[PDB]
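S.K.: This is the structure I want to talk about, given as structure tokens.
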Amino acid sequence: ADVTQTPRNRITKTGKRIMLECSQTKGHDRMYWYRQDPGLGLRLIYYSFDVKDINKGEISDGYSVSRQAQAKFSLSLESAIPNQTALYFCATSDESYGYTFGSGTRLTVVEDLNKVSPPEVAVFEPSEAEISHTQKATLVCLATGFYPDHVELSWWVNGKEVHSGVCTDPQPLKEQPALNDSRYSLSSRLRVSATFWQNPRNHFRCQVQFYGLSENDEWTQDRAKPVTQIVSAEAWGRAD
Amino acid sequence: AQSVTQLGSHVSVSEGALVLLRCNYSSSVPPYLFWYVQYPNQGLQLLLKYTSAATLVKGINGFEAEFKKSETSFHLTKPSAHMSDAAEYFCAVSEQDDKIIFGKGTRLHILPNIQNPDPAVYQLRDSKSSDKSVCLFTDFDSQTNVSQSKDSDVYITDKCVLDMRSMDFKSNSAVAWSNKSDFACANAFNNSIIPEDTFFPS
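Those protein sequences? They're chains B and A, same order as listed. Reading the first sequence from the start, the letters are residues 1 to 240 in the entry's author numbering. Reading the second sequence from the start, the letters are residues 1 to 202 in the entry's author numbering.
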């Protein structure tokens, strides 16, 4: 069908019941929930062949499901724990293995919401030595001090999102690798011709979408409530 | 079909060389077989599948795979590796007449053909008026790899390849930074084997 899943992104505390919903329009008998984790592929949690039928997959522990209509297949984490943090995919199939996957649900289960923290973001300007040596200019963005590890970084030149000349680290690193709740950091590069960097009309912005607390959540600390938000940093081109 | 095996969670290919991602299965009756691709960070897209018709199945973008029951294989190939082929690929098989079971997946890393390497370590300053800085190791070829820091207050990223379309120009780089006031870019990458002709400006 158009297979659709809700929610798209969610952060939760441990101990809560969490509900993910898959919906379809084509009325295929067969629906499935899978989770994806790095190094393990897509593992089946549960599946259903019609409204009368539920069957366990390889990793059914900690989960329940309901098939309340031809069109709908719900997944619940009964009591969320951190090792249920994962990308979750629902799918439908016809009678000949024609699968349709939903676009995904990224779920992060954290022990203590007190540790949530938005990134600080900074842009570092191209070296004169690089410009002189290569006639190219590399900007570096650095996002630091964030938790959990649930961000999206993009670059914006004169207000349009750019993909050429970009490389972002595939995973953030731990600022304190000996701690279970270490904050994270992430870097990205955008490289342009020296020519383009040297033009003071050009505007360069690194944007980081952070996923955190919602308006709903209680917050007892003096520091800013660490809600879902965008944090950017910027630099202007420079002739001197 | 009771299993599907991909080996090597991460694999490399030279830019312009034959792509070959291996998949084998265990199932006495020939199964249906599937290859899916996933871009960061995006959903799954079907490349091709064997469904008991052609044994040589062609997919989008030059991809093909040959089903070979005599060696229980369904290897994915493409004649020439492009930088845009960087992604995660999953082999998958029919099971118990009711589902698809997925292999563990392999991430394909494309090594750029770097004809004129120009290794260098540059210092970059914060655009705002701290003088925080970071160090950028860049423009080294495929024989160089970056090591992890051996000091808990120095941070070093993995190497990353960017492709500047404006100049059809690809390059490697890693970033290092620290809050320690004795930290200098001259020493940032001392735990990596760097090229003998790395440029270190003043």
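Quick reminder that beta carbons are idealized off the backbone N, C-alpha and C, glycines included.
In chain order, what residues of the same chain lie with their CB nearer than 6 angstroms to the CB of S154(B), ignoring the 5 residues before and after it?
M.R.: For the purposes of this step, residue 154(B) is identified with residue 154 of the first sequence, where counting begins at 1. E161, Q207.
S.K.: At the level of alpha carbons, what is the spacing between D126(A) and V123(B)?
M.R.: Here the question's residue 126(A) lines up with position 126 in the second sequence. Here the question's residue 123(B) lines up with position 123 in the first sequence. Answer to the nearest angstrom: the Cα atoms are 6 angstroms apart.
S.K.: Does the beta carbon of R191(B) sit closer than 8 angstroms to a beta carbon anywhere in chain A?
M.R.: The residue labelled residue 191(B) in the question sits at position 191 within the first sequence. Yes, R191(B) lies at the interface with chain A (some Cβ there is under 8 angstroms from its Cβ).
S.K.: If you compare alpha carbons, which of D153(A), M83(A), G103(A), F74(A) is closest to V166(B)?
M.R.: Here residue 166(B) is taken as the residue at index 166 of the first sequence, counted from 1. Residue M83(A) is the option with its Cα nearest to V166(B).
S.K.: How far does the alpha helix (DSSP H) with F196(B) in it extend, from its first residue to its last?
M.R.: Along the first sequence, one-based indexing puts residue 196(B) at 196. 194-197 is the extent of the alpha helix (DSSP H) around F196(B).
S.K.: Which residue from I110(A), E95(A), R165(A), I100(A) puts its Cα closest to that of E88(A)?
M.R.: What you label residue 88(A) is simply residue 88 of the second sequence in a count that begins at 1. The shortest CA-to-CA distance from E88(A) to any of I110(A), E95(A), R165(A), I100(A) is the one to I110(A).
S.K.: Whether or not the stretch 150-169 of chain A and the stretch 188-200 of chain B are in contact is what I'm after, with contact meaning three or more pairs of Cβ atoms, one per stretch, closer than 8 angstroms; do they touch?
M.R.: yes
S.K.: Buried or exposed, going by whether 16 or more other CB atoms sit within 10 Å of the CB of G103(A)?
M.R.: Here residue 103(A) corresponds to residue number 103 of the second sequence, with the count starting at 1. Result: buried.
S.K.: What residues in the stretch 112-139 of chain B bring their beta carbon closer than 7 angstroms to a beta carbon of chain A?
M.R.: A122, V123, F124, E125, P126, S127, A129, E130, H133, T134, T138
S.K.: With three or more C-beta pairs closer than 8 angstroms as the rule, is the stretch 113-127 of chain B touching the stretch 221-228 of chain B?
M.R.: yes
S.K.: Can you tell which of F183(A), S171(A), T157(A) has its C-alpha closest to the C-alpha of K132(A)?
M.R.: As a first step, residue 132(A) must be located in the second sequence, where it is residue number 132. When each option's Cα is compared against that of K132(A), the closest is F183(A).
S.K.: Is it true that the CB of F140(A) sits closer than 8 angstroms to the CB of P195(A)?
M.R.: Looking up residue 195(A) in the second sequence gives position 195. Looking up residue 140(A) in the second sequence gives position 140. With contacts defined by Cβ atoms closer than 8 angstroms, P195(A) and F140(A) form a contacting pair.
S.K.: List the whole-angstrom C-beta distance separating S147(A) from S192(A), where the pair is believed to meet the contact cut-off of C-beta under 8 angstroms.
M.R.: Against the second sequence, residue 147(A) aligns to sequence position 147. Against the second sequence, residue 192(A) aligns to sequence position 192. With 8 angstroms as the limit, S147(A) and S192(A) qualify as a contact, their Cβ atoms being about 4 angstroms apart.
S.K.: Within the chosen definition, does the stretch 135-154 of chain B reach the stretch 37-55 of chain B through at least 3 CB pairs nearer than 8 angstroms?
M.R.: no
S.K.: Kindly indicate which residue of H150(B), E128(B), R205(B) has the alpha-carbon position closest to the one of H163(B).
M.R.: The residue labelled residue 163(B) in the question sits at position 163 within the first sequence. The option with the nearest alpha carbon to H163(B) is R205(B).
S.K.: Here's a check: name, in chain order, each residue in its chain whose Cβ is nearer than 8 angstroms to the Cβ of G102(B), leaving out the five neighbours to either side.
M.R.: Along the first sequence, one-based indexing puts residue 102(B) at 102. Closer than 8 angstroms at Cβ, skipping near neighbours: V3, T4, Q5, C22, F89, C90, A91.
S.K.: Roughly how many whole angstroms lie between the Cα atoms of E218(B) and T198(A)?
M.R.: Position 218 of the first sequence, counted from the first residue, corresponds to residue 218(B). Position 198 of the second sequence, counted from the first residue, corresponds to residue 198(A). Each residue's Cα considered, the two are about 53 angstroms apart.
S.K.: Can you round the beta-carbon distance between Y36(A) and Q42(A) to whole angstroms, since I take them to be within the 8 angstroms contact cut?
M.R.: Translated into positions along the second sequence, residue 36(A) becomes position 36. Translated into positions along the second sequence, residue 42(A) becomes position 42. Incorrect: roughly 12 angstroms between the Cβ atoms, too far for contact.
S.K.: Exposed or buried, which one is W33(B) when buried takes at least 16 other CB atoms within 10 Å?
M.R.: Here residue 33(B) is taken as the residue at index 33 of the first sequence, counted from 1. When all chains shown are included, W33(B) counts as buried.
S.K.: So which residues of chain A does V157(B) contact, with C-beta pairs closer than 7 angstroms?
M.R.: For this step, residue 157(B) is matched to residue 157 along the first sequence. In chain A, no part has a C-beta under 7 angstroms from the C-beta of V157(B); the shortest such distance is about 11 angstroms.
S.K.: Determine, for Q123(A), whether the minimum Cβ-Cβ distance to residues of chain B falls below 8 angstroms.
M.R.: As a first step, residue 123(A) is located in the second sequence; it is residue number 123 there, counting from the start. Interface flag for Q123(A) against chain B is set, since a Cβ pair is found closer than 8 angstroms.
S.K.: Determine the burial state of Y39(A): buried for a count of at least 16 other Cβ atoms within 10 Å of its Cβ, exposed for fewer.
M.R.: As a position in the second sequence, residue 39(A) is number 39, starting the count at 1. Residue environment analysis places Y39(A) among the exposed positions, since fewer than 16 neighbouring C-beta atoms fall within 10 angstroms of its C-beta.
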